[PDB]
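K.L.:
Structure for the following, please:
(chains A, B, C, D, E, F, G, H, I, J, K, L, M, N and O, ligands or ions: 4)
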Amino acid sequence: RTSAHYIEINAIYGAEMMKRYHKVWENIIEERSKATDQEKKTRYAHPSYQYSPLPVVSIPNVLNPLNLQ
Amino acid sequence: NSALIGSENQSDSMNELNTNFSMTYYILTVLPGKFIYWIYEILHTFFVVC
Amino acid sequence: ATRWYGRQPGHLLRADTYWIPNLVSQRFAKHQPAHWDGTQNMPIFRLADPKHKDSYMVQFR
Amino acid sequence: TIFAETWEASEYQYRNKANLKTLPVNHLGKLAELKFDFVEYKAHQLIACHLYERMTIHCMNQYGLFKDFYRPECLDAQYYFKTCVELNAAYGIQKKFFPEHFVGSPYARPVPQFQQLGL
Amino acid sequence: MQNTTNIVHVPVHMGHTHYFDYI
Amino acid sequence: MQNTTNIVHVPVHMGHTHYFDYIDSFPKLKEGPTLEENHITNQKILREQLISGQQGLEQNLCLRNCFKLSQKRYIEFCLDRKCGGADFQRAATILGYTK
Amino acid sequence: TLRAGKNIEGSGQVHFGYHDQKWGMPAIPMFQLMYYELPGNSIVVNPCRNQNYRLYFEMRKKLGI
Amino acid sequence: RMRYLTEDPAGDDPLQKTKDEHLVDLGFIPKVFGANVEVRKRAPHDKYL
Amino acid sequence: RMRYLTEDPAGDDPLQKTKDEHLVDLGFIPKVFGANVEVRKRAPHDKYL
Amino acid sequence: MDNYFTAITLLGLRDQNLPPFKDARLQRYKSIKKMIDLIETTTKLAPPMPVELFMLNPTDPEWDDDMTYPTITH
Amino acid sequence: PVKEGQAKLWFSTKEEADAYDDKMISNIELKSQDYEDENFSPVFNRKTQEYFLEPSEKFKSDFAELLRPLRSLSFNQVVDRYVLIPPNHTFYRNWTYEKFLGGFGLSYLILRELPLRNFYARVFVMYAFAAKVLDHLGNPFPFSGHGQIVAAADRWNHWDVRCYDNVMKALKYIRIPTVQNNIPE
Amino acid sequence: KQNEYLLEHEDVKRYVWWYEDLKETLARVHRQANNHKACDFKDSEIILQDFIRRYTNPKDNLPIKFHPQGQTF
Amino acid sequence: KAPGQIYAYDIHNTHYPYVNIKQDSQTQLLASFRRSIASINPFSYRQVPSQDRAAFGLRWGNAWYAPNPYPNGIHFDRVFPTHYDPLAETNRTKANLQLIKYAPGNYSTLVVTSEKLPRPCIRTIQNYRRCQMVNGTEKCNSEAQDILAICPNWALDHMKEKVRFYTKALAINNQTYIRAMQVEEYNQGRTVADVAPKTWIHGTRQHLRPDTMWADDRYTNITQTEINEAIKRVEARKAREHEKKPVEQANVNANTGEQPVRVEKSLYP
Amino acid sequence: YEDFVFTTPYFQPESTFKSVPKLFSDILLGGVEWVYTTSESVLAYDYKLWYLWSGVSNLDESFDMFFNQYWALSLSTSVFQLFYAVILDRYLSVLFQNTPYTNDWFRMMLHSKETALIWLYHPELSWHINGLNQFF
Amino acid sequence: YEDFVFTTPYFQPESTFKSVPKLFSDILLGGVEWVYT
Ligand SMILES: CCCCCCCCCCCCCCCCCC(=O)OC[C@H](COP(=O)([O-])OCC(O)COP(=O)([O-])OC[C@@H](COC(=O)CCCCCCCCCCCCCCCCC)OC(=O)CCCCCCCCCCCCCCCCC)OC(=O)CCCCCCCCCCCCCCCCC
Ligand SMILES: CCCCCCCCCCCCCCCCCC(=O)OC[C@H](COP(=O)([O-])OCC(O)COP(=O)([O-])OC[C@@H](COC(=O)CCCCCCCCCCCCCCCCC)OC(=O)CCCCCCCCCCCCCCCCC)OC(=O)CCCCCCCCCCCCCCCCC
Ligand SMILES: CCCCCCCCCCCCCCCCCC(=O)OC[C@H](COP(=O)([O-])OCC(O)COP(=O)([O-])OC[C@@H](COC(=O)CCCCCCCCCCCCCCCCC)OC(=O)CCCCCCCCCCCCCCCCC)OC(=O)CCCCCCCCCCCCCCCCC
Ligand SMILES: CCCCCCCC/C=C/CCCCCCCC(=O)OC[C@H](COP(=O)(O)OCCN)OC(=O)CCCCCCC/C=C/CCCCCCCC
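P.N.:
Numbering: from 1, shown residues only, chains lettered A, B, ... in the order given. Ligands and ions are numbered 1, 2, ... in the order given. The structure is reproduced below:
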């Protein structure tokens, strides 16, 4: 048998940490939206990648597709 | 297996979820209907073969 | 190897009075000379296989 | 991913395991159980799992999702659509990373090279 | 695995007849 | 293959008694201290740990929890953020993970 | 056994092949004195499970309950 | 011809065959071959059926 | 400890595992190893039995 | 038939209808074969994130108690 | 002539575009409903507008109705409301099944006292009442089978046996037997 | 409270930025023609190849490298 | 201390939605009457579960409802071959003892699962990894031998096979990479600078016309006269293309006693 | 040899004097099976409940809210129409992995009925799950 | 890779374009046994 302490505590721990991740996720989306296309493509990119611009298209920045808060 | 006494055929739908889409009150509506058609089959056969 | 050799079908006689279609039909069949082609496996009868088109009415149990 | 309307049924059967499920073609008979009027083209009925998806949309347009969609013809369409895309996703991954499990694959029972026969 | 399981390399056609199963 | 077949890696001895089949003994089986003697031995360890082994424990518990993380980069992040900027190799020596 | 992944040909426990059989207790006093059937209600959870409640008593004192 | 080309799955028990781990310890390191994916099984002449 | 060190023969089905002939045709030539004839199985501490 | 929704979307079944004849209809199926290989490759480039974020490590010695669920036999 | 619209073609040159229109026009077969026409078809008249399957307004309004209680709440309120339900394992959850199935026995107590004069008339009533029960019980003989009740799927299903691994394997997994016909090692 | 700090690691930010890049990349992907050929997504192949080239090294023996916390299915 | 309610309770606002799938007049009328009195009805049963009370599933008349199982052609005969076709009937007929037995799992899907290695075998793996990242690989011989000794042999077989699987999956993912990153003949010399500034909506029906004649009103003003002239033009273009035609190849499946190649089937019989 | 070629790798004579210690191993013809039958109290008539995960009923927690909302969302024309299809395919690859670390029985995050609504807010966690499952 | 070593042989990218023609093989659930009565 697997510990019933783990099953119930992990079920609570995962949800409590999801609420704190949701707040961190909102700050990351906000900070990235204010970033240039150069920065949001070269940061965290592979060292061997050479950036080359793409034509500017209109792509909305929607937090949640369904109208949820 | 629903008509057997102490069945051991556990793999023949004994341990499966078996619902239907027929009329409910089965032994009152559906099962007598199958027996009514059975009586017609044999009464029609007796009339023909004789 | 044993299972493979066992699937090579054996020869089953065509003459049959147990099936009522053959009991009637074979009274009008004409026995033609089966000329030997140099082999030992000429299937001039039906084959002892449950899936053969002339042996499906036979119960292989 | 299947890139056609039809697939060989034997190519999705296991060779070294018991065959307890098949990957059947769309059940076109369920399309005739819809009581209302709808337009369906025969060019969309053979591709996998899509007929059940279109049946669900037709049922959710005629009825809603509350107390009217809950009829045997509409719930079986939604259940078949959900089950179909789940089985095909599993068979698709198994076809991609376990191709040797299926009948017709050259690796299910590999034929040896002539250099291994010692002649 | 089903005891009556065979792998065939050439195409065959089965009969669509009641009570019978054959090529 | 017989269905009730087992491959055992330790010697067993089977009883030669009619109508019964079982393992009656294990060769060279040594009996240790009783449950009470182990209890008295464990209490002496737990008593010393309660009296003299509770000072500076919070720091060691934080180091032990950091080393249960999956990746090394997360362990270092745990030591720097939670354990007051401890070093990886220095904390591993305290916990006894160093050869 | 079937659900666990072992297909079963035939049925029963009277093994035709090279296996041991167990026929069942002869209903005579000789075997009924030596043998008795396995009582399922005697297979229990180990009582060491109750020692986990020590964690609860210590937590209640730490929280001032 | 169909029954000649009718095989059963899984072949024989691989555990009853010579192990590659045993050959290494005996002094012969076996070479690994690829599957022959180009050969097509065919039936022999009728005299051999 | 005896039941911990009680194993069944033949292990699992070898035909359900990754083939060597398949790895070669995928671009990976497997290396053949020898049997580890030096390890002795032992039961863990009592807390894990 | 994996990547069902992706293939259905690439074929245009979300806005239009397939050609009624098998020739062009079957060519349209084989046209997305390159794109499925691309989209599947993209989904396998995700960077890792701490596994101990929404899930406690089940191998932790704290969970060796193997505690059961206490119930009330009503 | 060809009418232009919002939906444009996909050709670089005009010769390729005009060639595509000529190929499509040469395949058009007019089917008119009026007599005295060179293309007249009373039956088998083709439509000239293609149908498109789209989610209707009732479709999208009902899917938005399922998420009504989520829009007035924030994510932290959603989790604290529907996810982080406080543990309380003291309730008698199975009372729902006990009252329903136990009502068959209580109904029989009242039904066995019917003032029906004829004995064989009550034979018919009890046969109809047994039909109602046997839809759930299934096998009328004892020690033969089990009843069948479809219950709702909630987070508290099997809540007190989630710790046991063998219960999960027996309920969830149907393993596939291999050629080496054995239970997994 | 013991593990709240793990949400501050930069790998969480790197994960979200990758997901947003995939969203913008797939939003730019489009059908170009209706010739029922592979060239109907001619420009989209370049967009996706740029995304793959952005997180891998194409001129490696194994551009997709295995790590236990990777993606297989 | 109020019991917790699931999200479905806020959709229906009640615990007694008398949902019956049987669409007959007697059933739905009784369900509506029972739905209204459910607050004061002693013979009332819940169909919405809660923290304090379990619930029932969907009702089918007096019995219970479950969808038709997904079509599965697998079956097992008893007396004679029935040639069961799951697509020949709407509702699956019940299995009679002398006729048929269906495949297991009326309601089941295909998943991948894994056994959990023994706890002592896991502890030795964690000790080796920790000793490895702290001291290095060359000073973990003692911990490496504890794995081979304590972990049962079936676990060592699983550990050995996982490496071979992920090695197989690694090559399969890279072969897809090589096909995906391959430069086609129509994209030679094209870069991100040559991409058109368009999004997914620019390839839909509103912007890109489908390849059908009645997708919009483009050809609605075409008369028979213009059709005849268009036929003359498409036949004029064929005065230059009909000069090429592939040669008839050899039939690789000419021998019937030979395993035929799974060649692409013809579009039409 | 005698006009016959038997291709073999190079033989290593050092394999002759290989130290192979014999280890104890006993086979017990007649031992223990996997399961055994118990005898306890049995009731004459019983009822078996079935918590069917039909997925077509919005009355219980088996209703896949994420799959239906994002499928209905992908039906309408949008700039993210192809992105929603990729998300749904990644969600179907997550349900395909019913491991001890990804399953409803042990109440794991984004696999149990409790946390089904979280998919509506964070569909990007499917890659984290697929990677976490591969790690363990 | 990311603080992890996964030892694999040298991968051959040419194995991707290996011409493997599909061959016919049909499975018959319900066929012939070894012996009959
Ligand atoms: C100031 C006023 C104060 C009072 C105010 C209120 C007044 C009363 C208003 C009542 C409000 C409505 C009541 C709702 C409560 C229902 C509770 C309940 O238990 O329902 C369960 C019951 C079963 O439904 P269910 O279990 O929920 O299943 C759901 C679906 O049905 C499932 O769908 P399915 O298709 O799967 O099911 C198949 C279908 C099967 O198909 C059918 O529907 C069967 C229909 C065939 C019969 C139709 C003819 C019946 C009438 C024949 C007599 C006619 C006489 C006149 C002839 C005139 C000719 C022109 O259903 C069945 O299986 C039925 C089997 C169960 C019953 C069978 C046996 C019944 C006993 C018969 C003997 C009775 C002896 C009498 C003894 C008296 C004391 C008990 O529901 C009903 O049957 C509704 C019946 C409604 C009344 C019918 C009229 C009866 C008239 C009798 C005439 C003789 C007496 C005259 C007295 C006059 C007094 C003035
Ligand atoms: C048991 C004995 C006692 C009982 C006897 C009962 C007899 C009844 C059993 C039926 C006999 C079998 C014959 C059925 C012929 C099919 C007819 C049909 O479906 O209509 C389609 C037929 C053709 O449709 P359409 O609009 O021309 O198609 C234009 C599309 O562009 C077309 O292009 P598309 O690209 O769209 O392709 C569509 C596709 C569609 O494909 C299909 O749907 C399959 C159609 C099945 C037919 C294919 C096999 C044809 C075999 C040819 C040999 C038949 C010989 C007749 C056999 C008689 C046996 C003695 O192809 C077709 O359209 C098939 C062509 C159909 C032509 C039918 C051949 C003409 C019959 C020649 C004799 C005329 C006798 C009429 C006398 C009436 C006196 C009142 O429609 C008509 O013929 C309209 C009727 C004629 C207009 C004049 C107004 C007459 C009004 C009479 C009202 C009274 C009606 C009778 C009342 C009787 C009680 C008083
Ligand atoms: C002051 C003078 C009077 C002035 C007032 C006059 C007006 C009175 C009426 C208004 C006041 C009523 C008070 C209660 C409010 C309920 C309102 C309501 O609409 O209920 C409808 C009620 C429930 O509707 P339902 O949802 O359709 O449930 C029935 C389904 O069959 C259920 O089927 P299922 O499959 O869904 O579920 C299976 C079911 C099991 O159900 C069954 O198996 C029975 C099925 C029936 C037989 C099957 C054959 C079907 C026959 C079809 C033909 C029948 C047509 C009859 C139509 C009649 C229309 C009214 O098991 C359960 O669900 C749980 C049962 C156990 C729960 C606890 C029940 C406690 C009840 C009360 C206990 C205390 C009362 C004292 C004890 C009795 C006196 C000694 O329908 C009934 O009429 C039930 C009749 C049962 C027999 C009642 C006999 C006693 C009557 C008491 C009268 C007062 C005491 C005696 C005083 C003596 C001096 C005067
Ligand atoms: C005159 C009084 C006679 C009483 C009987 C004498 C025997 C006394 C011995 C009783 C010992 C008590 C031991 C504990 C028993 C536990 C009872 C129990 O488990 O009930 C649980 C549970 C409580 O529900 P929850 O809120 O979910 O759980 C909260 C838990 N804190 O109770 C129930 O399910 C309700 C059912 C109670 C029993 C059935 C009641 C009906 C009996 C029928 C007779 C009534 C006739 C009149 C009814 C009026 C109808 C119109």
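K.L.:
Report the secondary structure state of the residue nearest in space to the middle of chain A.
P.N.:
In chain A, the residue lying closest to the centroid (Cα atoms, centre = their mean) is residue A:25, at 5.1 Å. Following DSSP: H, G, I helix; E, B strand; the rest coil, the label given to residue A:25 is helix.
K.L.:
Not including adjacent chain positions, what is the nearest residue to it?
P.N.:
Using Cβ to Cβ, 6 or more residues apart in numbering or on different chains and skipping the chain neighbours, the partner closest in space to residue A:25 is residue L:16 (6.3 Å). Where you see a C-beta, it was placed from the backbone N, CA and C, and this is true even at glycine.
K.L.:
What parts of chain M come near chain A?
P.N.:
Selection of chain M residues close to chain A by Cβ under 8 Å from any Cβ of the partner chain yields M:191, M:192, M:193, M:195, M:196, M:197, M:198, M:199.
K.L.:
quick one: the helices in chain H?
P.N.:
Taking DSSP state H as the test, the helices found in chain H are H:20-26.
K.L.:
same thing with chain B?
P.N.:
B:26-49.
K.L.:
Residue numbers of it in contact with chain N?
P.N.:
Residues of chain B lying near chain N (Cβ under 8 Å from any Cβ): residue B:17.
K.L.:
Counting neighbours, what do you get for the residue of chain B found nearest ligand 2?
P.N.:
Nearest residue of chain B to ligand 2, counting by Cβ to the nearest ligand atom: residue B:48, 28.3 Å away. Residue B:48 has 7 neighbouring residues, counting by other Cβ atoms under 10 Å in any protein chain shown.
K.L.:
Next, find the distance separating it from residue B:41.
P.N.:
Distance, residue B:48 to residue B:41, by Cβ to Cβ, to the nearest Å: 11 Å.
K.L.:
And residue G:26, by the same measure?
P.N.:
50 Å.
K.L.:
One more: residue M:149?
P.N.:
For residue M:149 relative to residue B:41 (Cβ to Cβ), the value is 73 Å.
K.L.:
How about residue L:44?
P.N.:
66 Å.
K.L.:
of those two, who's got more company?
P.N.:
Higher neighbour count among residue L:44 and residue B:41: residue L:44, with 26 against 10, using other Cβ under 10 Å.
K.L.:
Does the more buried one touch residue L:26 like I think?
P.N.:
No - with contact defined as Cβ atoms under 8 Å, residue L:44 does not count as touching residue L:26 (9.4 Å).
K.L.:
Strands of chain C, start to end?
P.N.:
Ranges of strands in chain C, per DSSP state E, are C:10-12, C:46-48.
K.L.:
Let's have these in a markdown table, adding mean neighbour count.
P.N.:
A markdown table is the format used below for these (neighbours: other Cβ atoms under 10 Å in any protein chain shown):
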| stretch | mean neighbour count |
| --- | --- |
| strand C:10-12 | 13 |
| strand C:46-48 | 17 |
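K.L.:
Going along the chain, name the strands of the chain.
P.N.:
Looking at chain A here, since you left the chain open. Using DSSP E, strands in chain A do not occur.
K.L.:
To clarify, I was referring to chain K.
P.N.:
K:147-151.
K.L.:
Would you mind listing what in it touches chain B?
P.N.:
Counting by Cβ under 8 Å from any Cβ, the residues of chain K close to chain B are K:127-128, K:130-132, K:134-135, K:138-139, K:141, K:143-145, K:148, K:150.
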